[PDB]
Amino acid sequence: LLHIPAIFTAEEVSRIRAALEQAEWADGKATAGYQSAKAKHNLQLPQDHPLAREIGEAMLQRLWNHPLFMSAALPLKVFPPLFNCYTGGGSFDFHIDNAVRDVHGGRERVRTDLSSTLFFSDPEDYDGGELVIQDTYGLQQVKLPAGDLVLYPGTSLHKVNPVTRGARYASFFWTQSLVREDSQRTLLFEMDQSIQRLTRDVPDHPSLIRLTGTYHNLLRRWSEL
């Protein structure tokens, strides 16, 4: 799990949450097939609601210009972000995301390599509502400050606990990475961090260009696009 903070500033988050608080919400089951629909009991904006289209586009521009998201996710496709609200006991029980998610009836299709939640509500403003991620050998609970993003592989079973007080607004989306295998992405991420550290401490060292070549030749071997 990668926590990427402050995608939006505090004033931006306040503006976005105010619009979400005043939006006309629809039943969340519309974007789930008949299976995980049994587990989904929240509210969602329609995909092409103008607020969802506007903030989704704003999220994409921020993420494509975030060095941490670019390095760790190596994004190729970002599914148009969806917006949900858990309140009044709303929840999303344990489910796996579909391997391929269609956009506008299959115009674009996104392999769900990575999943993400961007929190638009303060953790003090709702009870429950934790994003619970279950791996093979353990569980992780995530409840981040408003404006922060969590990034985790699409291979995990996850759920959102019921919200028992207040309301939780967030955006969620999937990313198809250039690099499908998470162990390969993390290897590239760690190697890039090492190269960045060496560039600061000892720039102009001839081994840096060759290690950069190694990094990009790995990307050549592994990138699908």
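All residue numbers are counted from 1 along the displayed sequence.
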task = Could you check the entry and say whether 133-141 or 150-158 has the higher mean CA B-factor?
result = 133-141
ask   = Taking the recorded C-alpha temperature factors, which stretch has the higher mean, 82-90 or 95-103?
value = 95-103
ask   = Quick one: which of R53, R185, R165, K38 has the biggest Cα B-factor according to the entry?
value = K38
task = Between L43, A170, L198, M59, let me know which has the highest C-alpha B-factor in the entry?
result = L198
key: Ranked against its chain, the third holding the CA B-factor of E190   = highest
inquiry  = Quick check for you: using the entry's CA B-factors within this chain, is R15 in the lowest, middle or highest third?
reply    = highest
note = Of the three thirds of Cα B-factor ranks in this chain, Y34 occupies the highest
Where the record places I4 (Cα B-factor, split into thirds across the chain) = middle
note = Sorting the chain's modelled residues by C-alpha B-factor and splitting them into thirds places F69 in the middle
